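Participant: Quick one: the structure is below, and I'll ask about it shortly.
There are 2 protein chains.
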Amino acid sequence: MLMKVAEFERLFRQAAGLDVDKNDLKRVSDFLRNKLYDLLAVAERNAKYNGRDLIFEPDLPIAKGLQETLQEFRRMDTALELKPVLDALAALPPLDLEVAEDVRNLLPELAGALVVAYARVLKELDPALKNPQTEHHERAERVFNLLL
Amino acid sequence: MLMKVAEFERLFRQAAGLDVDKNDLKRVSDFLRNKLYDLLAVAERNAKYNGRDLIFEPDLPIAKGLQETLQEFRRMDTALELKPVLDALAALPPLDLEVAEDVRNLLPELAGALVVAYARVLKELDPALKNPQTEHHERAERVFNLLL
Ligand SMILES: [Ca+2]
Ligand SMILES: [Ca+2]
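Keeping their order, the protein sequence lines are chains B and A. According to PDB author numbering, the first sequence is numbered sequentially starting from 1. According to PDB author numbering, the second sequence is numbered sequentially starting from 1.
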């Protein structure tokens with residue numbers, strides 16, 4: 001998955017005080033992994049459009065709000081490994097272009113930001129929520145699908 | 001505002017089957033106007049990053065999900081005028097760079113996609129909602145703020 005199980009749990013807990021059922025974490029990981037993949041697919045397209053042989057941070061379609069959530073994640077002093085993210089993404093078609101070092105280190109942080117955003121979306125959908133189950137996740141995904 | 005009152009009303013109905021009044025539209029329009037402005041502000045940064053003095057479509061940080069929503073909007077046969085969008089954006093500080101022709105024509109569509117996404121978020125917050133109250137806008141905005 002994108003990160004260790006305990007890592008997912010730690011983000012859900014600290015960011016929104018939520019406890020995610022293990023039977024849902026795999027899907028959460030694949031869902032956010034797919035969103036991260038989409039950020040990179042758009043980034044590769046932008047890199048080629050600008051005549052570059054490498055993908056850089058500006059190539060990723062990260063809007064101001066997501067950027068601020070990313071900073072929100074960074075303030076959590078939570079270091080996530082790169083390997084699990086790259087391995088998760090490798091299940092999908094490989095990018096043609098090399099990603100710049102700025103982006104490589106960014107990927108795990110983005111994974112964290114995505115989980116943080118996802119957890120908070122769940123909280124907006126159900127303010128008193130504590131233990132989301134399948135149905136909460138399906139709904140959270142529908143919301144995410146609208147903007148990311 | 002970003003569009004005619006009639007067009008806002010139409011998008012809210014076609015997108016989420018929601019009704020909207022005056023109090024709603026002024027707040028909604030300004031919020032989405034600011035979101036659209038932010039896309040452009042980031043686009044300007046991206047244009048400059050790529051050594052251009054003109055903003056093109058790839059510069060806009062449009063993630064795949066938002067792009068799908070734009071395509072969803074385009075399927076609603078609701079053509080929006082460019083001028084109301086530019087007038088709305090004029091209330092904010094002008095960018096240094098001019099936008100290219102393809103971006104100009106895209107702006108109204110983005111305004112429409114944003115309304116479509118906003119209405120659908122409101123609907124997710126409460127599938128039984130018919131007319132969004134201040135409570136709902138506050139939550140819908142918080143959801144958008146996490147991603148845009
Ligand atoms: Ca070019
Ligand atoms: Ca560069």
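A virtual CB, placed ideally from N, CA and C, is assigned to each residue, including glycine.
Would you kindly report the start and end of the unbroken alpha helix (DSSP H) that includes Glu124 (chain A)?
Facilitator: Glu124 (chain A) -> alpha helix (DSSP H) spans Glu101 to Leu125.
Participant: Can you name the residues of chain A whose CB is closer than 8 Å to the CB of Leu18 (chain B)?
Facilitator: None at all; the shortest Cβ gap to chain A is about 15 Å.
Participant: CB-CB under 7 Å to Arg33 (chain A), same chain, minus the five flanking residues each way: which ones, in chain order?
Facilitator: Hits under 7 Å: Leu2, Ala88 and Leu89.
Participant: Would you list the one or two residues that DSSP bridges to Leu54 (chain B)?
Facilitator: In DSSP, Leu54 (chain B) forms a bridge with B:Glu98.
Participant: Would you decide whether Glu138 (chain A) is buried or exposed? Buried here means 16 or more other CB atoms lie within 10 Å of its CB.
Facilitator: Exposed: under 16 other Cβ atoms inside 10 Å.
Participant: Is DSSP giving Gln71 (chain A) helix, strand or coil here?
Facilitator: In the structure shown, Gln71 (chain A) sits in a helix (DSSP, three-state: H, G or I).
Participant: Against residue 152 (chain B), what residues of chain A qualify as contacts under a CB-to-CB distance less than 7 Å, listed in chain order?
Facilitator: For chain B, the structure presents residues 1 to 148; residue 152 (chain B) sits outside this window and is missing.
Participant: Of all the options B:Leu97, B:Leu86 and B:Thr69, which has the alpha carbon lying nearest to the alpha carbon of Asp59 (chain B)?
Facilitator: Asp59 (chain B) has its Cα closest to that of B:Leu97, out of B:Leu97, B:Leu86 and B:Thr69.
Participant: If you follow the alpha helix (DSSP H) that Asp87 (chain B) is in, where does it begin and where does it stop?
Facilitator: That run of the alpha helix (DSSP H) goes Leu82 to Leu89.
Participant: Is the closest heavy atom of ligand 2 to the C-beta of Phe144 (chain A) under 7 Å?
Facilitator: No, the beta carbon of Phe144 (chain A) sits no closer than 7 Å to any heavy atom of ligand 2.
Participant: Less than 6 Å between C-beta atoms, sequence neighbours within five positions excluded: which residues of the same chain meet that for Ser29 (chain B)?
Facilitator: So the qualifying residues of the chain are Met1 and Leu2.
Participant: Residues of the region 38–54 of chain A with a CB closer than 8 Å to any CB of chain B: list them in chain order, please.
Facilitator: Listed by position along the chain: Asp38, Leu39, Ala41, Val42, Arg45, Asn46, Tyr49 and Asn50.
Participant: For a contact meaning CB atoms closer than 8 Å, what does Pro58 (chain B) contact in chain A?
Facilitator: Those are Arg45, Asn46, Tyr49 and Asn50, listed as they occur along chain A.
Participant: Hey, how far is the Cα of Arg74 (chain A) from the Cα of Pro108 (chain A)?
Facilitator: Using only the alpha carbons, I get a separation of about 11 Å.
Participant: Going along chain A in order, which residues have a C-beta closer than 9 Å to the C-beta of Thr69 (chain B)?
Facilitator: Those are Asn145, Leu146 and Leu147, listed as they occur along chain A.
Participant: Run down chain B in chain order and give the residues with a C-beta less than 7 Å from the C-beta of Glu9 (chain A).
Facilitator: Simply none; closest approach about 20 Å.
Participant: Buried or exposed: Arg120 (chain A), going by 16 or more other Cβ atoms within 10 Å of its Cβ?
Facilitator: Counting Cβ neighbours within 10 Å, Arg120 (chain A) comes out buried, since at least 16 surround it.
Participant: So if I threshold CB-CB distances at 7 Å, which residues from the region 106–130 of chain A count as touching chain B?
Facilitator: Those residues of the region 106–130 of chain A that come within reach of chain B (Cβ to Cβ, closer than 7 Å) are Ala117, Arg120, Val121, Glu124 and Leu125.
Participant: Ligand 1: which residues have Cβ under 6 Å from any of its heavy atoms, chain order?
Facilitator: Counting every residue whose Cβ lies closer than 6 Å to a heavy atom of ligand 1, we get B:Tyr49 and B:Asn50.
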